[PDB]
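These numbers come from the heavy atoms of this one structure, side chains and all, not from hydrogens, waters or symmetry mates. Naming convention: chains lettered A, B, ... in sequence-line order (proteins, then strands); numbering from 1 in each chain.
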Amino acid sequence: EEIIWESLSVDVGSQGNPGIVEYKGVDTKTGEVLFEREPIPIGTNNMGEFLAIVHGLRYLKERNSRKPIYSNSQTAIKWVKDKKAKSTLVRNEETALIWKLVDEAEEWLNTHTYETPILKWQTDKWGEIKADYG
DNA sequence: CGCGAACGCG
DNA sequence: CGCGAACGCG
Ligand SMILES: [Mg+2]
């Protein structure tokens with residue numbers, strides 16, 4: 001399998017797991033930051049990766065782009081394809097925001113179609129994903 | 001740590 | 001028994 005350079009790559013910046021979650025989507029070729037989510041006070045890395053892919057799908061759909069999305073998270077890719085985020089994170093006041101976003105992302109997936117291929121970034125083959133926070 | 005995948009009680 | 005409940009990464 002070869003890299004598709006005309007694509008969007010996403011990744012999460014965590015401060016702990018669970019912990020603060022942010023994410024962004026970048027042009028795989030140029031590194032241009034296409035969208036970002038400001039720090040969510042608490043969530044899991046998996047939840048953040050799920051949100052990042054869905055944000056990417058919504059971004060690409062709005063722009064009518066056929067570019068694929070790369071994620072390094074096999075778990076998040078499965079959740080998006082299942083249209084179900086199987087997170088174990090407790091639902092309380094503290095986690096209310098991350099769960100609101102996850103629930104809304106699920107709702108989006110269950111009420112829309114999309115053409116974007118969702119591909120696994122292979123770090124062992126290709127190095128860091130372009131959206132890595134470093 | 002959180003994920004998916006791989007014992008004990010009825 | 002046997003059906004659920006309870007390691008390997010990144
Ligand atoms: Mg990540």
### Message
For A/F35, give me all partners under ring pair (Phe, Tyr, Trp, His ring centres under 6.0 Å), at least two apart in sequence or on another chain.
### Response
A/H55, A/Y59

### Message
Are A/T44 and A/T88 packed together at the side-chain level, in the sense that at least one heavy-atom pair is separated by less than 4.5 angstrom?
### Response
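The answer is no, as the side chains (C-beta and beyond) never meet within the 4.5 Å cut-off.
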
### Message
Contact between A/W121 and A/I3 at the side-chain level, heavy atoms closer than 4.5 Å - yes or no?
### Response
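Yes, at least one pair of side-chain atoms sits under 4.5 Å.
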
### Task
Determine the Euclidean distance between corresponding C1' atoms of C/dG2 and C/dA6; express it in Å to zero decimal places.
15 Å

### Task
Take atom P in C/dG4 and the same atom in C/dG8, then report the distance between them in whole Å.
26 Å

### Message
Between A/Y70 and A/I4 (side chain of the first, backbone of the second, donor and acceptor by atom type, cut-off under 3.5 Å), is there such a pair?
### Response
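Confirmed, A/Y70 side chain pairs with A/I4 backbone.
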
### Query
For DNA chain C, what are the stems built from at least three Watson-Crick or G-U pairs in a row, each pair having both distances below 3.5 Å?
B:1-4 with C:7-10, B:7-10 with C:1-4

### Summary
Given protein heavy atoms under 4.0 Å, the one-letter contact record of nucleotides 2-7 of chain B, with B base, S sugar-phosphate only and - none, is simply SSSS--

### Task
Quick one: which residue pairs count as a side chain to side chain donor-acceptor pair (under 3.5 Å) with a foot in residues 28-42 of chain A, not counting sequence neighbours?
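Sorted pair list: A/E6-A/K29, A/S7-A/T28, A/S9-A/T28, A/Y23-A/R37.
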
### Message
Positive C1'-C2'-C3'-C4' counts as north, negative as south. Which one applies to B/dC3?
### Response
north

### Query
What pucker, north or south, follows for C/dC7 from the sign of the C1'-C2'-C3'-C4' torsion?
south

### Message
Please enumerate all residues that pass side chain to side chain donor-acceptor pair (under 3.5 Å) together with A/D103, with sequence neighbours excluded.
### Response
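Listed in chain order: A/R91.
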
### Task
Measure the distance from CD1 on A/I129 to P on C/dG10 and round it to the nearest whole Å.
13 Å

### Summary
A/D124 atom CG is separated from C/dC9 atom P, nearest whole Å, by 10 Å

### Pairing residues for A/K100 by the side chain to side chain contact (heavy atoms under 4.5 Å, CB included) criterion, not counting sequence neighbours
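Testing A/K100 for side chain to side chain contact (heavy atoms under 4.5 Å, CB included), a comparison that skips the adjacent residues, returns A/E104.
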
### Message
Using 0.5 Å steps for rounding, measure from the NZ atom of A/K83 to the OG1 atom of A/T111.
### Response
8.0 Å

